[PDB]
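What follows is a single chain, given as structure tokens, in the form deposited in one PDB entry.
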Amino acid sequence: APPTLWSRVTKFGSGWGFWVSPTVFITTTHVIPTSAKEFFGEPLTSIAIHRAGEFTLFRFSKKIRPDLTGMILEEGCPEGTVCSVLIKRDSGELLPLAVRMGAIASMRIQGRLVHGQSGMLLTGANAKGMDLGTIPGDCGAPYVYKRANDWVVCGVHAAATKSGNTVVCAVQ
């Protein structure tokens, strides 16, 4: 995946978030620290926060990441698109996990109710574990795919099944 998309993946609370532009940061709702009153040197009062279940978007009053260009964020992707989940793991290892996207679903994962775009990992037959699949620490990692020359981002990692074979992408 291009160096420019890996530069947008930022360690955040108990998981990750993604810079769409200089002023727009998206994450997974449950990774946000519940007491936090300041983000990147800016108070709560100076930040626009749109929340839809497990998807949260922050828009700031000034350019946090002026090194960045605005890119396309969409409400999920067509059924059968293959995406990469841009996962950072221990020691500057970068894990772009291949996933085949399916339909909008509502599910129960280990007691919690989750809603988003379901997908199946293309890494192996049994994704359970950290070598071939996801860990709770990967929440907020972005779902991206290439189309006609450009790259699109279409959600953030919300959950994975007991077996690890199914993941859920929270969408706008």
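The first residue of the sequence shown is number 1, and the count goes up from there. Rigid core: the largest C-alpha set superposing within 1.5 Å between the two forms.
Student: Higher average CA B factor in the deposited record is what I'm after, so tell me if that's 115 to 123 or 48 to 56.
Tutor: Here the higher of the two C-alpha B-factor means belongs to 48 to 56.
Student: Looking only at CA atoms, which has the higher mean B factor in the entry: 161 to 169 or 4 to 12?
Tutor: The deposited B-factors put 161 to 169 ahead on the C-alpha mean.
Student: Going by the entry, which of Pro66, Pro43, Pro142, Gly137 has the most elevated CA B factor?
Tutor: The listed residue with the largest C-alpha B-factor is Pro43.
Student: By the CA temperature factor listed in this entry, which of these ranks top: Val31, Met130, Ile104, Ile26?
Tutor: Highest CA B-factor of the listed options: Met130.
Student: Sorting the chain's modelled residues by C-alpha B-factor, tell me whether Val20 ends up in the lowest, middle or highest third.
Tutor: Its C-alpha B-factor belongs to the middle third of this chain's values.
Student: Would you mind checking where the Cα B-factor of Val156 ranks among the modelled residues of its chain, as the lowest, middle or highest third?
Tutor: As the PDB entry reports it, the C-alpha B-factor of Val156 lands in the lowest third of its chain.
Beyond the structure shown, there is the form solved in complex with a small molecule, which is absent from this document and is the topic of what follows.
Student: Quick check for you: superpose on the rigid core, then look between the shown form and the other one for a C-alpha move of 2 Å or more. Which of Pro136, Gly53, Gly70, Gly129 is it?
Tutor: Just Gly129.
Student: Using a rigid core alignment, state whether the CA of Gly92 is displaced by 2 Å or more between the shown form and the other one.
Tutor: Superposed on the core, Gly92 moves its C-alpha 2 Å or more between the shown form and the other one.
Student: Report the direction of the Cα distance change between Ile104 and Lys128 in the entry with it bound, compared with the displayed form, as closer or farther; the change is 3 Å or more.
Tutor: Farther, not closer.
Student: Closer or farther: how do the Cα atoms of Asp90 and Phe12 compare in the entry with it bound versus the shown form, where the change is at least 3 Å?
Tutor: Relative to the shown form, the pair is closer.
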